[PDB]
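Trainee: Below is the sequence, then the experimental coordinates.
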Number of protein chains: 2
Amino acid sequence: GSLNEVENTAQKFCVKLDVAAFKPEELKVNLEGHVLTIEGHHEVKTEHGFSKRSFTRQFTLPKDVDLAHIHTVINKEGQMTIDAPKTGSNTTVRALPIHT
Amino acid sequence: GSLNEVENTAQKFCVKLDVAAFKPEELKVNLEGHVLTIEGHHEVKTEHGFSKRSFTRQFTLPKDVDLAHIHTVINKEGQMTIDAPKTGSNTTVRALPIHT
């Protein structure tokens, strides 16, 4: 889970991880509040010993990330991208319904 | 800890691992009987969150291996090589002393 890039603009948040050493089923992505946690665990046995790999990478997302629309995808080259739009990106004038 | 070349002749035994994701100080090589264990642990903190990496690679050396002369090196490119001669590799006739 080598952290390739951090991305933080007005319109979206995005993080990219190197997860090529782990298969999709060996990976977990969890969110609690603003805290995002990615983990990989690989564990093979043999009759000549064994192999084991692991990583945990955790970060706190910006206050204004729209956690409701977080999307995580792993591409064909084993790179994970986790992205979401910002809450206050919509800069036009939005009328709010007044409830009576 | 990817394990590149395993080599095993009557001359020498050799293993080569990809160890570049870790600092030399974060690496352990242990021998227990004929069982060779290579471990890496990296654990970093930040105020963005944290990062943590690990691997454990284990294998059983042949009975043939001269365990007294096992040698471990990491090069500048982050490749570890572990090598040792075999027990019966020097094949010229050796006279043994007889005590009485």
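Mentor: Yep, it's here. Residues are numbered from 1 along each chain as shown, chains lettered A, B, ... in the order given.
Trainee: From now on I want contacts and neighbour counts done on CA atoms only, so please keep to that.
Mentor: OK.
Trainee: could you pull out the strands for chain A?
Mentor: In chain A, the strands defined using DSSP state E lie at A:2-8, A:12-18, A:27-32, A:35-45, A:50-60, A:71-74, A:79-85.
Trainee: With mean neighbour count as added columns, please give those in a markdown table.
Mentor: Formatted as a markdown table, these follow (neighbours: other CA atoms under 10 Å in any protein chain shown):
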| stretch | mean neighbour count |
| --- | --- |
| strand A:2-8 | 13 |
| strand A:12-18 | 18 |
| strand A:27-32 | 13 |
| strand A:35-45 | 16 |
| strand A:50-60 | 19 |
| strand A:71-74 | 14 |
| strand A:79-85 | 19 |
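Trainee: so which of the ones you listed gets nearest residue B:61?
Mentor: strand A:50-60 (12.9 Å; CA to CA).
Trainee: so, in contact with chain B or not, that closest one?
Mentor: Yes - contact between strand A:50-60 and chain B is present through A:50-60 (criterion: CA under 8 Å from any CA of the partner chain).
Trainee: And for stretch A:10-24?
Mentor: No - contact of stretch A:10-24 with chain B is not found when judged by CA under 8 Å from any CA; the minimum separation is 9.0 Å.
Trainee: Tell me how far that stretch lies from the chain's centre.
Mentor: On the basis of CA atoms, centre = their mean, to the nearest Å, stretch A:10-24 sits 6 Å off its chain's mean C-alpha point.
Trainee: neighbouring contacts of that stretch?
Mentor: Stretch A:10-24 has contacts (CA atoms under 8 Å, 6 or more residues apart in numbering or on different chains) with A:1-8, A:40-42, A:65, A:74, A:77-86, A:88-89.
Trainee: Taking the residues of strand A:50-60 next to chain B, tell me the two that lie furthest apart.
Mentor: A:50 and A:60 (34.5 Å).
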